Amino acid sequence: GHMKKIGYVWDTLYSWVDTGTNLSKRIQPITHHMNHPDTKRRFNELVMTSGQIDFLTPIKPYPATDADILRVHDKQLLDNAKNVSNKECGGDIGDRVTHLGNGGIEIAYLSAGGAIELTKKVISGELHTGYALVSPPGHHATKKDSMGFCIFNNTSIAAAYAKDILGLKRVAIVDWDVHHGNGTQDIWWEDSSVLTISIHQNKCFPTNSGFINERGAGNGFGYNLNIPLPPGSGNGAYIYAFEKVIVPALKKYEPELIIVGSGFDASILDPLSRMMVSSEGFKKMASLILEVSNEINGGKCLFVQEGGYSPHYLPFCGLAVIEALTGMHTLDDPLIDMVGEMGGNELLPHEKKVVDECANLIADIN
């Protein structure tokens, strides 16, 4: 065709996750929980009211199959999710914060399936790139456990699909959610065929992983790369890490597909991090990935929603990425003049030191 085609995966069901649920400890009940669907729903609704949807190609998600999940997760993980989802009131699963409503496994299948649908249509050439605004998120789900709001690891399920079904030999997952993608790291730990990169706040969540000396094992040694930035890092540190480490690592690896785990909890207003990224930072991060993807594999890249918890500001951070994909700047970030003066734009010595240490790991990528 002769149309610029940027895919957008959304489904009302992604906003229907049951995020509902100690007195002895005098922990008073919360009604509006941290992972409430409002935050990501406001992002979807801004895509629509900003007019960006007029430049996007809506892509209907279809459920991932059990076989799609079993490519990267244990049968026990899947059996546990089916069991909890079948309970009359649903329940928690994996850890103390991850919850399934009754029947909620359907949304988890559809979230993974949305990442697969975007992957299929990008690899086929039907779409140049796109954004999958899926819920629930994925990157903390390991081979063995759901956790951290993540039932199934959507980006890893997409990468395995691209490998097994679409013939790809090298995939890179670049995770810029502010928390460590420990699930993705675990799944591909011993596998050089998926380069796994996580940039995150050092020791944020999980508090015990994401360190720079977690580099893979066996055939996978050197094919996991963690960038654990200090609290308070903003656009300066993030853009420097993308230009000094992530882009050069991708060029060295030559992935046939780049899957971005796109969270916005590194934003300056997110409660679940101390990072200071603005919408302008996220726009640049997205643009750097699109550019290096065009350079090394003909633009085969796509973005899949992970975390983010600011209902005020996440919609504008997500829109900035969308506008980087469409080339259409239709709406201004209304916080930019206040957030820009708050700090984070300048690269600090301690931030630069971490990134430069991470840069030394690129030599072991082949």
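Start at 1 and count along the sequence shown; that's the residue number.
In this entry, no coordinate-free residues of the deposited sequence separate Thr12 from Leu13. Checked against the record, the higher mean CA B factor of 213-221 and 173-181 lies with 213-221. Judged by mean Cα B factor in the deposited record, 333-341 ranks above the other of 333-341 and 63-71. For the set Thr155, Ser233, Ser262, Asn208, the PDB entry puts the maximum C-alpha B factor at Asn208. When the Cα B-factors of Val84, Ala141, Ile246, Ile107 are read from the PDB record, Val84 comes out highest.
In the PDB entry, a CA B factor belonging to the lowest third of its chain's modelled residues is recorded for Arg274. In the deposited entry, the Cα temperature factor of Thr129 places it in the lowest third of its chain's modelled residues.
For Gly308, the recorded CA B-factor ranks within the lowest third of the chain. Only modelled residues enter the ranking. Sort the chain's modelled residues by C-alpha temperature factor and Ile258 lands in the lowest third, per the entry. Annotation for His33: CA B-factor lies in the highest third of the chain's modelled residues.
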